[PDB]
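Here is the structure we will look at, set down as structure tokens.
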Amino acid sequence: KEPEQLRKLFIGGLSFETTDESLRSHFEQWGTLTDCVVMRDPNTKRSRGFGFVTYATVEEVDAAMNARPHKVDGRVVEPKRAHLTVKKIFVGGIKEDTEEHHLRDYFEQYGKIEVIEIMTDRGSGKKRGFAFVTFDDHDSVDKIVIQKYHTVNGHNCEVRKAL
Ligand SMILES: O=C(Nc1nncs1)c1ccccc1F
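Rendered as structure tokens:
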């Protein structure tokens, strides 16, 4: 079984009327939930406006994120994986022979790409061996940076969030 941390979604922006039960009934549409909790004040029991759900598998987390936007008890909520929320990555280690279609063909399966920038030397024009990829949504980046490995154009790449 995949590590539990990788099967969790934090859910922000909840209606204060959302309960453990109503959050569960909503998100069980996309997989088996092993946990589902609304965070509440310890004294008033008033909702803190966020909670988390834990799916049985990572593919179920993906299904839930692919079904955004989620309207839960009348309010559009904000699900995020286990936050520095950005849409852009640095990709290093691609050397000189890696081209845009290499990066596109690989990264398009994580999310919709809006910008690919292969970095070149300001003086010579030679490729510097790294690039930036911008997606239309942060979950692409979140899926990417939790992978242990990225292989693009036969190169073992270093990938990190870019600010
Ligand atoms: O910015 C991109 N490529 C180029 N950048 N300079 C010339 S063409 C790009 C954007 C979205 C999807 C695929 C892409 F390649």
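Residues 8 to 89, 101 to 181 (the deposited numbering) are what the sequence shown spells out, left to right.
By construction, the Cβ of each residue, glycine as well, lies at the ideal position given by its N, Cα and C atoms.
Whole angstroms is fine: what's the gap from residue i's alpha carbon to residue j's?
i	j	result
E126	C175	16 Å
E11	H119	34 Å
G143	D157	33 Å
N171	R178	18 Å
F153	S29	32 Å
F150	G141	19 Å
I164	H33	26 Å
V60	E114	43 Å
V45	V159	26 Å
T26	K52	11 Å
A180	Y62	28 Å
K87	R146	33 Å
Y124	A70	20 Å
For residue i, name the three-state secondary structure that DSSP assigns.
i	result
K161	helix
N50	coil
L181	coil
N171	coil
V60	strand
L13	helix
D115	coil
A89	coil
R146	strand
Under a Cβ-count criterion, where at least 16 other Cβ atoms within 10 Å of its own Cβ denotes burial, should residue i be classed as buried or exposed?
i	result
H101	exposed
residue 223	The structure shown does not extend to residue 223, since the chain is modelled only from 8 to 181, so the question has no answer here.
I112	buried
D48	exposed
residue 94	What the structure lacks is residue 94: the chain is numbered 89, then 101, with the residues between left out.
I162	buried
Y167	exposed
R14	buried
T138	exposed
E67	buried
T169	exposed
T116	buried
**Item:** the region 11-21 in contact with the region 74-84 per 3-pair CB rule at 8 Å
**Value:** yes
**Prompt:** Would the region 70-80 and the region 130-140 be scored as touching if the rule is three or more Cβ pairs under 8 Å?
**Reply:** no
**Prompt:** Can you pull every residue whose C-beta falls closer than 7 Å to some heavy atom of ligand 1, listed in chain order?
**Reply:** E118, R122, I131, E132, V133, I134 and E135
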